[PDB]
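Input: a single structure, listed below in structure tokens.
Neighbour counts are summed over all protein chains in view; Cβ atoms, including those assigned to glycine, are modelled from backbone coordinates with ideal geometry. Read the figures in this text as sums done on the coordinates, not as results from a lab.
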Protein chains: 2
Amino acid sequence: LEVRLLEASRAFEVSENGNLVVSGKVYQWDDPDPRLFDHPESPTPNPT
Amino acid sequence: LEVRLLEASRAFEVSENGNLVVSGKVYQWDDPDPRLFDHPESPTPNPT
């Protein structure tokens, strides 16, 4: 698998024998926020 | 200027000092058709 990065466009492609496999945008998280990983309250109480 | 190609996605990218300037798609024209260059029906048939 060969992966090419386009830094300016924040784009990547994963190719296997010159055929597209994955595509998207990958970039660094400048300011991580721990609050993002707080568990959302479940819609079902499930008390029992 | 830096030109990067993504053959699988047929996408190119031009950048200057890391700032994207041009983006788009490019690929070899497999079967050119000379009909594509016949001059189109003129908007004004008889300018006279």
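Some values worked out for this structure:
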quantity	calculated
Teacher prompt: residue B:39 distances to equivalent labels in other copies, 7 Å Cα→Cβ, nm	7.5
For chain A, radius of gyration divided by Kirkwood radius, i.e. Rg to Rh on alpha-carbons	1.29
Rounded Å value of the spacing that divides the Cα centres of chain A and chain B	31 Å
Exam field: residue A:27 pseudo-label spacings to other copies (7 Å along Cα-Cβ), nanometres	2.7
Shortest-first nm distances, residue B:2 label point to equivalent points in other copies (7 Å, Cα→Cβ)	1.9
Over the protein assembly as shown - Rg/Rh using Cα atoms and the Kirkwood inverse-distance radius	1.29
Ranking of A:42, A:15 by count of other Cβ atoms within 10 Å, fewest first	A:42, A:15
Under Karplus coefficients 6.51, -1.76 and 1.60, residue-wise ³J(HN,Hα) of the range A:26-37 in Hz, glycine/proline x	10, 7, 6, 8, 4, 10, x, 10, x, 4, 4, 9
For B:34-40, mean number of other protein chain Cβ atoms within 10 Å	0
Shielding by other protein chains, B:1-14, mean Cβ within 10 Å	4
